[PDB]
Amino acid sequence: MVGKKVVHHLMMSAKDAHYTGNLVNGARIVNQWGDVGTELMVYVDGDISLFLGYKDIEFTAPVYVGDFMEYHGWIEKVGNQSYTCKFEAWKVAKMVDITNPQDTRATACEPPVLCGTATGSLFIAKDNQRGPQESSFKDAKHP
């Protein structure tokens, strides 16, 4: 790992529902990973970067309104103009019964439930590379 893991953490609201049955779409995870990758790029070379693509993405468990979610990302490799990262999505809390709209019961996921994994890469043009912006990334280096 280059630098530190970045962790996003937030709640799926009703506004994150996408398909019927309060089901959140898998792209909601990819949305967040885009922002996680962005934060990694700000720290490693001071640019918001452009996302190049994903080698793979697996959606491993469904996500619903009322789920509290964490999104983890870290840099595995610093290339020339590319940076290769790994990503995870974890569910840390949920409604007890999503099928009952009037049920307010909720609980923690112990252990958290893996909802997604990915490998993806981001781009910062050489002339946009400004060096580390955050202390845990001070030792990052290009080949």
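Start at 1 with the first residue shown and count on from there.
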Mean C-alpha temperature factor, higher of 97-105 and 30-38: 97-105
58-66 versus 77-85: which one carries the higher mean Cα B factor per the record? 77-85
By the recorded C-alpha temperature factor, relative to the other modelled residues in its chain, which third is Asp45 in? middle
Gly53: CA B-factor among chain residues, third -> middle
Would you please rank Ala118 by its C-alpha temperature factor against the other modelled residues of its chain and give the third it falls in: lowest, middle or highest? lowest
Quick tally, chain-level thirds of C-alpha B-factors: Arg130 sits in the highest
Classify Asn22 as lowest, middle or highest third according to the C-alpha B-factor given in the PDB entry, relative to its own chain. middle
